[PDB]
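Each remark here refers to the structure printed beneath this line.
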Amino acid sequence: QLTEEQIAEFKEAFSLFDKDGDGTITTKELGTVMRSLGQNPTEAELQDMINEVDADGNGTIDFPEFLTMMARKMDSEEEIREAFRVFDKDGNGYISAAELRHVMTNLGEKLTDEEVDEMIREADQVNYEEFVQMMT
Amino acid sequence: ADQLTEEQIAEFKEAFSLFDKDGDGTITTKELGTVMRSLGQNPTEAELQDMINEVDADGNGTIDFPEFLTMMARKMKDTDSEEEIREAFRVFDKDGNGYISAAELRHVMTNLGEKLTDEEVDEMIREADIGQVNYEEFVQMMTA
Amino acid sequence: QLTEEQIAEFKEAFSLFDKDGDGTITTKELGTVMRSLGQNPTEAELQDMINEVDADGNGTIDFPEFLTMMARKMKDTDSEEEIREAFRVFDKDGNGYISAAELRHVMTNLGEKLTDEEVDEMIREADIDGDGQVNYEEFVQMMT
Amino acid sequence: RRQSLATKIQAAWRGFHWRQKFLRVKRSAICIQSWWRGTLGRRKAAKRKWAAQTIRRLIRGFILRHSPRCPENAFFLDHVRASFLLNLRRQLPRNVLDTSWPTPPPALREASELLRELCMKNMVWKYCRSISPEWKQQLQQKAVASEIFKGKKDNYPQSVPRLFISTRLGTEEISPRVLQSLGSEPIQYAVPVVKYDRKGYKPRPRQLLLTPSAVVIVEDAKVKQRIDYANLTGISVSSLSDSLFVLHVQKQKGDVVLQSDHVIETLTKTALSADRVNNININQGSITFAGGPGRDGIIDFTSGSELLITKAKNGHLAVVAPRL
């Protein structure tokens, strides 16, 4: 079990989304909390977590239960640049919005326009690396 | 409409009555200095002078008054102010009608920071509730 | 006669290769798609399927008929054993290996042939695993 | 058979090759798209941390609100500074007759009271210095008129919105023979009136001219009387929605009665020029005048449905007003 240093980081960002001091967190913001430390879960990693931790149907999570999940899942910035450059055709480290837009809306974690539209505003042909400076 | 009224007579007779009591002479920049120092600021002669010129109307003294006020509000060094506050509560608000819930708000001050303890601050919240709180009500009370 | 689970998966890839997104895709596309969904059709079967639906020479194929094709081909697909048997007749001496020369040879000539680009891709994939040559027994099961 | 069989092999490899290339693509995309949900997600947090900080900075500021300025109450203090100056700009007083000022934050009471005084003097100077001298005359004229009449005469109120003006009577109507006789005196105001004689109380149209020296009562060109301001003591009027008045004046003609269709105007304008402003009577009962010499007469006012002037065999002058 990791030294206290994480635990401090862990409790504050556990609490900060705890609605009114109870020690319980809604389902919807278990993701954001994790994200709020440096992670990158998917909705697959989430749902698998959710049912296993609680099948109560409560829609809550106390801090022991959240502690445990963390140890389990404990990737750098390069694991991102590969995951992006596969779509690049040129091999110049550029992809273009047209290309990127259609993919995201039809692949595994499909986005609605809202999420996607933020992408289009985000930068610039867009640049593969440019986003990563922002990305991380 | 748009016609002379007895009220206007009254306004004229009074205004000139006041005009006599007050100086014939125009408004002073050293008058203005007193007002800002009153508000906890302390500007130079150079800064005072500059201000008066950026508020003017045809008349003798005749400072534009509404837009004068607004000019000081910039000088605060905390422009964010009301904008910053109006936001910060909204992020702790589910329904965007201006309300917040007391356990929620209680959590914010007690837990995360340095253990701020209320004195009167507790008194105010219980007053705001009719139930939960209203920020607009909470702040207007706290500035008083 | 068709599972809901299946339609969901297939729709994804179709719509992914449906760049214009009209509800239909390039005939030349069609190969890459069925295979991306994990099948093993032959340009033999492609042409039969493409010719029949694209009777009218559109050069286009919609998703309703696409489900028949995946379903027709789903009816029968090659087990590992037959594929294992398939290599075995190019392996005169029953050691269970295959020179990557004989491999390159057999592939670039006999059947629905493969380029060097393709064949290099398959030899790397069918890796020598050391300077070696290509045990098919490990590899055939691998392609499943 | 070998050709048929060889195809199966190649058939499988392509399927394997594209399929694995596809999965690689799907995987590589679920990586970035949801790793990005955790970029945006990690800001939803850090802005909800700032929000908590700001609330608390404000309340920490409040608890310390009696402290000299410092980083902690700097927020709170600048908030009351800010809030105040805004909430005043919204609620500023409409004119010189708005006493009203809003209640301030305890600390800035001292500032509130500076500002209120400043605003008022600003308002006073702004107004007095921007008024056009034309207009300034009108209000000044109107103002004396209210002083004289407001409350005391049943048609002063209706008079107010209809402006006062220079002469009521014509470029040409004054008849050159009178102007010459009139002399080196000018005409500050003239207006058509109606005279009623001492004995008969009969109607006679005339013109009333106001010169710096005197009022002159003139027939078509014959100048039938001059009353000096020294020789004119007072004026008397009824208290009803009437239109008539008497000029008190001292073996020569004396007081006289007249009707202006513009009564308030004429009467103030006169009393100004003649400096007999304080010397106007407003009678609710009856008016006494010296009359045509040796023939004293009395004027009896009464309310009614119409305007008419007549005499009745008491010898008195019976006036009947309308009534709004």
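Starting from 1 in every chain, residues are counted up; chains themselves are A, B, ... following the order of the structure tokens, and ligands are numbered from 1 as listed.
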Could you pull out the strand (DSSP E) residues of stretch 266-296 of chain D, going by DSSP on the backbone, and write them as a ChimeraX atom specification? /D:280-283,286-289
Could those residues be written to a file, using C-alpha atoms, as an mmCIF file, in the first residue's frame?
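Saved as part_0.cif:
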```
data_model
loop_
_atom_site.group_PDB
_atom_site.id
_atom_site.type_symbol
_atom_site.label_atom_id
_atom_site.label_comp_id
_atom_site.auth_asym_id
_atom_site.auth_seq_id
_atom_site.Cartn_x
_atom_site.Cartn_y
_atom_site.Cartn_z
ATOM 1 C CA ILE D 280 -52.175 91.165 -5.563
ATOM 2 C CA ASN D 281 -55.363 90.260 -3.697
ATOM 3 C CA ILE D 282 -57.300 87.059 -4.303
ATOM 4 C CA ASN D 283 -60.877 87.430 -3.076
ATOM 5 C CA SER D 286 -66.139 90.320 -3.294
ATOM 6 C CA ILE D 287 -63.870 92.957 -4.778
ATOM 7 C CA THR D 288 -63.966 96.679 -4.053
ATOM 8 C CA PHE D 289 -62.699 99.244 -6.578
#
```
Show which residues sit within 12 Å of residue D:50, as a list in words. Count only C-alpha atoms, and ignore same-chain residues fewer than 4 positions away.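 Contacts, in chain order: residues 16 of chain A; 84, 85, 87, 88, 89, 91, 92, 108, 112 and 113 of chain B; 43, 44, 45, 46, 54, 55, 56 and 57 of chain D.
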Write down, as a CSV table (one decimal) with C-alpha atoms, in the first residue's frame, each residue of chain A that has any atom within 6 Å of an atom of chain D, counting only C-alpha atoms.
```csv
chain,number,residue,atom,x,y,z
A,32,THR,CA,-13.7,12.8,-13.2
A,35,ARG,CA,-9.0,12.0,-14.1
A,36,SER,CA,-8.4,14.6,-11.4
A,40,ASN,CA,-7.2,8.1,-18.4
A,42,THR,CA,-12.5,4.6,-20.6
A,83,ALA,CA,-2.4,6.2,-30.7
A,108,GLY,CA,-15.5,2.8,-30.1
A,109,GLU,CA,-16.2,5.7,-27.7
```
Give me, as a PDB file with C-alpha atoms, in the first residue's frame, the residues of chain C touching chain D, with the criterion being at most 8 Å (counting only C-alpha atoms).
```pdb
ATOM      1  CA  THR C  32     -11.207  -4.447 -46.446  1.00  0.00           C
ATOM      2  CA  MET C  34     -15.585  -7.837 -44.137  1.00  0.00           C
ATOM      3  CA  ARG C  35     -12.029  -8.765 -43.258  1.00  0.00           C
ATOM      4  CA  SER C  36     -11.734  -5.963 -40.702  1.00  0.00           C
ATOM      5  CA  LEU C  37     -14.845  -7.515 -39.134  1.00  0.00           C
ATOM      6  CA  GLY C  38     -12.954 -10.788 -38.959  1.00  0.00           C
ATOM      7  CA  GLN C  39     -13.752 -12.870 -42.029  1.00  0.00           C
ATOM      8  CA  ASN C  40     -11.843 -14.656 -44.787  1.00  0.00           C
ATOM      9  CA  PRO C  41     -13.489 -14.012 -48.129  1.00  0.00           C
ATOM     10  CA  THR C  42     -11.810 -14.415 -51.509  1.00  0.00           C
ATOM     11  CA  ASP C  78     -12.716 -22.480 -42.920  1.00  0.00           C
ATOM     12  CA  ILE C  83      -6.194 -24.543 -43.265  1.00  0.00           C
ATOM     13  CA  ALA C  86      -4.047 -26.642 -46.675  1.00  0.00           C
ATOM     14  CA  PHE C  87      -0.412 -25.956 -45.763  1.00  0.00           C
ATOM     15  CA  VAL C  89       0.041 -30.329 -49.089  1.00  0.00           C
ATOM     16  CA  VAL C 106       3.413 -20.654 -53.389  1.00  0.00           C
ATOM     17  CA  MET C 107       1.713 -17.407 -52.458  1.00  0.00           C
ATOM     18  CA  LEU C 110      -0.834 -20.367 -57.324  1.00  0.00           C
ATOM     19  CA  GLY C 111      -3.985 -18.812 -55.988  1.00  0.00           C
ATOM     20  CA  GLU C 112      -5.530 -15.432 -55.531  1.00  0.00           C
ATOM     21  CA  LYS C 113      -1.997 -14.104 -55.624  1.00  0.00           C
ATOM     22  CA  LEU C 114      -0.214 -11.656 -53.315  1.00  0.00           C
ATOM     23  CA  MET C 122       2.783 -12.198 -44.252  1.00  0.00           C
ATOM     24  CA  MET C 143      -4.841 -16.451 -37.513  1.00  0.00           C
ATOM     25  CA  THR C 144      -7.915 -17.648 -35.650  1.00  0.00           C
TER      26      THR C 144
END
```
Residues of chain D were defined as contacting chain B if any atom lay at most 7 Å from it, counting only C-alpha atoms; please report them as a count of residues only. 33
Quick check: residues of chain A within 9 Å of chain B, only C-alpha atoms, returned as a PyMOL selection string. chain A and resi 12+15-16+18-21
Would you list which chain C residues are within 8 Å of chain A using only C-alpha atoms, as a count of residues only? 5
All helix (DSSP H, G or I) positions in chain B, as a PyMOL selection string: chain B and resi 6-21+29-38+45-53+66-74+81-91+102-112+120-128+135-142
Computed gap from atom CA of residue C:134 to atom CA of residue C:120 is 13.0 Å
What is the distance, in Å and to one decimal place, between atom CA of residue D:63 and atom CA of residue B:138?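 So the two atoms, atom CA of residue D:63 and atom CA of residue B:138, lie 14.2 Å apart.
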Work out how far apart atom CA of residue A:25 and atom CA of residue A:63 are and give it in Å to one decimal.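 Atom CA of residue A:63 lies 9.1 Å from atom CA of residue A:25.
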